[PDB]
Protein chains: 2
Amino acid sequence: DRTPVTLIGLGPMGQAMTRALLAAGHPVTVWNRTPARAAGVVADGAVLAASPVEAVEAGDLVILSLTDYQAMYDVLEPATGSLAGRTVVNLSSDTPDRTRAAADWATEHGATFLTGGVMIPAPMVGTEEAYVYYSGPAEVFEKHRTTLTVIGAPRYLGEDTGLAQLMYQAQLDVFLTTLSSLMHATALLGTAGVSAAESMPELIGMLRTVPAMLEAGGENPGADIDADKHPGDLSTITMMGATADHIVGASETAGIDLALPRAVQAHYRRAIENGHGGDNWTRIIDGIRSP
Amino acid sequence: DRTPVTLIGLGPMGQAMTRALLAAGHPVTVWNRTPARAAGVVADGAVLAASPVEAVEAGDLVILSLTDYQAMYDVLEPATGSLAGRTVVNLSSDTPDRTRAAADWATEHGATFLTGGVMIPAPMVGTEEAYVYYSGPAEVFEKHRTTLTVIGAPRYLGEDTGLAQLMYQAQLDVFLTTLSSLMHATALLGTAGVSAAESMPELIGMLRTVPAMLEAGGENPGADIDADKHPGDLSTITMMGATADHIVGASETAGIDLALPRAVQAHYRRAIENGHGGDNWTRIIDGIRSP
Ligand SMILES: NC(=O)c1ccc[n+]([C@@H]2O[C@H](COP(=O)([O-])OP(=O)(O)OC[C@H]3O[C@@H](n4cnc5c(N)ncnc54)[C@H](OP(=O)(O)O)[C@@H]3O)[C@@H](O)[C@H]2O)c1
Ligand SMILES: NC(=O)c1ccc[n+]([C@@H]2O[C@H](COP(=O)([O-])OP(=O)(O)OC[C@H]3O[C@@H](n4cnc5c(N)ncnc54)[C@H](OP(=O)(O)O)[C@@H]3O)[C@@H](O)[C@H]2O)c1
Ligand SMILES: CN[C@H]1CCc2c(cccc2OC)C1
Ligand SMILES: CN[C@H]1CCc2c(cccc2OC)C1
């Protein structure tokens, strides 16, 4: 497939995707707010369009890799007259509802729309470890699937344009929160003179074990939460809530951020007040669903 | 060995540790606030002492597996007169400073003290995957190391009794925060009718990749944070902050807990206000150290 592709947005992801697409034999026309930044991919075979209009008109497939969806409007507003008959694939972070409204804005300018959420950093783009979530019209996904597969294995979730965005925001909810916690833990160990080079491999060593730990003793949290099975036999909210109290205390004494640990503390405290101290930690999901 | 051990606290950890110790040939004398709960381990060879005093006097080594350190005072107050010449190994969660003061309380009652933090769930106790952090007097750790190894690989951190407690709280800072985030993400996907049985394997699938993702493009976060190297080449705080904004927005719309994502959002917001939008995400640690 040598389908001509347009890609707008040349951050690390944009550049990595351009390169994978070029290497697969697709002519790629790029445009960036900062044209200088295109020099790299242009040396690798990308064609730099002078204008958004020219970039849009070069391909039936327009990929956006921008910081947010406001950026899509900013870049495409001058080109709205040239959208008809093309597919917009937006690979950018934003709210699910912004995304759904953006899909309708594409349709009304005569374009089809697909949502994508890329699940790996730029060096892993186009490798066997790469994967991307997609939602939107099935026929649109199918028409371009072979081209999109170059960036990463697609995981089509269905027709709601909001859905692959919600999945992305859910995944990044885990990922960013985990990262903030790693920095929080590092900070805490830092106050007793432990360096980050010592602390971070300890913390990562533990995180690597987390899938196994969650499965020990034949727990299966998903089905359990669906079934409303929260049995406390191997760990209770009381016992885990206490630890959450201990982390807040240690953090207070360490002079570091209290908001992250107090949020966690509040999940346990809520479940206890609601009378489920004796349940497994999965029960905190009830309080989370109903503030 | 065949060294006699006392273990107090027969939650799942206490019971799993008793069993591993029995299986290794150690005579184990147990005591629990609720004696009924000892039936299982007694069937497996444990001896149930009638009284705390009697349990303490049965061995040179007293292991405590209790919800917190207040529980240690509660259980051992009547036995303070029988502590002299024995080692207390506390394998309970609490603050580092509570732990340090508890060590001094043991010394005052004529006992030695070791801090432990068990890093695996009860089904993994006494297996190759098990490990435990220890801090306190080197001579005391050495005297009992061969007994303690039955529970899990020891990771001795040094002489400060607070240190293995701080390490435990740091590790549980990551672990609990991660778990809360998984429940948060599950809740969020739940509001579009995605079940936890569908969502949790997606989220865990991602979390499994997190060590690799952090190392992509030759980042090595620990040394970088120690060196103050926060280069924004492959990901910026601006870009990650925006996603954190998007998670908050999606969560507001989803009607779910805002405290957890807003804590994460604030880490990015702070770094940006302080003028490091362009840096890698590791830079959030500065704001976390200095609220
Ligand atoms: N980096 C990662 O590892 C990673 C992984 C998966 C997903 N993502 C997502 O992928 C997208 C791209 O991320 P990235 O890290 O490659 O880059 P980024 O730093 O988000 O920037 C990407 C592009 O956005 C452009 N831009 C931003 N605001 C704009 C506006 N108002 N008008 C015009 N252009 C605008 C930048 O223009 P200039 O070049 O002119 O500044 C740049 O070309 C983001 O939505 C991100 O959340 C990133
Ligand atoms: N569960 C895990 O996966 C895990 C893994 C690592 C670390 N830990 C840590 O290991 C420790 C034990 O946790 P666990 O889950 O096995 O059990 P737990 O639910 O924390 O309770 C353990 C024991 O604490 C006793 N206890 C609590 N308050 C007491 C008090 N005031 N006076 C007397 N006894 C008291 C209970 O007595 P009763 O039996 O009479 O109620 C029970 O025997 C905790 O500090 C926990 O953070 C747990
Ligand atoms: C169902 N999750 C378990 C996994 C192990 C664990 C739990 C609670 C506290 C500490 C733990 O391991 C360090 C519950
Ligand atoms: C090492 N920092 C990168 C890792 C991957 C990543 C970042 C930000 C957003 C999404 C990402 O991958 C899913 C920062």
Side-chain angles (χ1 to χ4, degrees), chain A residues 233-235 239, chain B residues 1 3-80 82-83 85-94 99 102 106 109 111-127 130-134 136 140-141 143-154 164-165 168:
Chain A
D233 83 289
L234 295 182
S235 52
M239 172 279 290
Chain B
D1 5 317
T3 298
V5 179
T6 299
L7 204 149
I8 296 172
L10 293 183
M13 297 307 298
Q15 303 181 24
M17 282 175 316
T18 295
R19 280 171 172 117
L21 279 167
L22 290 169
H26 291 89
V28 183
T29 299
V30 302
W31 185 87
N32 195 59
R33 170 195 59 185
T34 305
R37 206 169 177 187
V41 297
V42 174
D44 294 336
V47 168
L48 170 65
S51 77
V53 157
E54 179 196 352
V56 166
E57 291 184 2
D60 66 338
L61 181 48
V62 183
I63 302 175
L64 307 175
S65 183
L66 304 164
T67 306
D68 69 10
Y69 269 48
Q70 181 52 50
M72 174 193 74
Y73 290 114
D74 287 357
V75 166
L76 291 190
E77 281 329 296
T80 54
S82 303
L83 285 169
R86 309 174 193 289
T87 295
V88 172
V89 180
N90 193 329
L91 300 184
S92 309
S93 178
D94 214 306
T99 305
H109 294 282
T112 54
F113 191 88
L114 271 181
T115 302
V118 178
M119 286 308 305
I120 52 71
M124 283 173 183
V125 164
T127 73
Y131 65 106
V132 184
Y133 292 105
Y134 291 105
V140 174
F141 170 72
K143 180 180 179 186
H144 293 292
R145 175 173 186 299
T146 44
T147 299
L148 297 171
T149 43
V150 177
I151 295 161
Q165 190 75 84
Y168 188 80

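Chain A is the first sequence line, chain B the second, and so forth, proteins listed ahead of strands; every chain is numbered from 1.
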[Y] side chain reached by [X] side chain, heavy atoms, under 4.5 Å:
| X | Y | result |
| --- | --- | --- |
| B:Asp1 | B:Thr147 | yes |
| B:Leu21 | B:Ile63 | yes |
| A:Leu234 | B:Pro123 | yes |
| B:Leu83 | B:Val88 | yes |
| B:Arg145 | B:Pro154 | yes |
| B:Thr6 | B:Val30 | no |

Side-chain ion pair, B:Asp60 and B:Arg86, N-O less than 4.0 Å:
no

Do you know the tightest heavy-atom contact between [X] and [Y]?
| X | Y | value |
| --- | --- | --- |
| B:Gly126 | B:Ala130 | N-CB, 3.9 Å |
| B:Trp31 | B:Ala55 | CB-CB, 3.8 Å |
| B:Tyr134 | B:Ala164 | C-CB, 3.5 Å |
| B:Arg37 | B:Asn32 | CB-ND2, 3.8 Å |
| B:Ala79 | B:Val53 | CA-CG2, 3.7 Å |
| B:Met72 | B:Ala102 | CE-CB, 3.7 Å |

Once you round to the nearest 0.5 Å, how far does [atom1] of [X] lie from [atom2] of [Y]?
| X | Y | atom1 | atom2 | answer |
| --- | --- | --- | --- | --- |
| B:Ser65 | B:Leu7 | OG | CG | 6.5 Å |
| B:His109 | B:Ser82 | NE2 | OG | 11.5 Å |
| B:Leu64 | B:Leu76 | CG | CG | 5.5 Å |
| B:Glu77 | B:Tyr73 | CD | OH | 8.0 Å |
| B:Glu54 | B:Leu48 | CD | CG | 8.0 Å |
| B:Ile151 | B:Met17 | CD1 | CE | 5.5 Å |

For side-chain contact (heavy atoms from CB on, under 4.5 Å), just list the numbers for B:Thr29 and B:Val5, CA-CA rounded to whole Å, side-chain angles, deciding distance to a tenth of an Å, and then say yes or no.
CA-CA 6 Å; B:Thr29 299; B:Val5 179; over 6 Å; no

Report the C-alpha separation of B:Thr127 and B:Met124 in whole Å, then their side-chain angles, then the decisive distance to 0.1 Å, and conclude whether the side-chain contact (heavy atoms from CB on, under 4.5 Å) test is met.
CA-CA 6 Å; B:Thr127 73; B:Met124 283 173 183; 4.1 Å; yes

Output, in order, the C-alpha distance, side-chain angles, deciding distance and verdict of side-chain contact (heavy atoms from CB on, under 4.5 Å) for B:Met13 and B:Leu91.
CA-CA 9 Å; B:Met13 297 307 298; B:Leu91 300 184; over 6 Å; no

N/O donor to acceptor pairs below 3.5 angstrom from side-chain atoms of residues 114-122 of chain B, sequence neighbours left out:
| from | atom 1 | to | atom 2 | distance (Å) |
| --- | --- | --- | --- | --- |
| B:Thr115 | OG1 | B:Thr161 | O | 2.9 |

Checking B:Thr112, B:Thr3, B:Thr87 against B:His144 for side-chain hydrogen bond (donor to acceptor under 3.5 Å, both in side chains), the one that qualifies is B:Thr87

Kindly say whether B:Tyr69 contributes a backbone atom to a donor-acceptor pair with the side chain of B:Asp94 at under 3.5 angstrom?
yes

Would B:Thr99 and B:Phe113 satisfy side-chain contact (heavy atoms from CB on, under 4.5 Å), going step by step from the backbone distance to the final call?
CA-CA 10 Å; B:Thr99 305; B:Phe113 191 88; 4.3 Å; yes

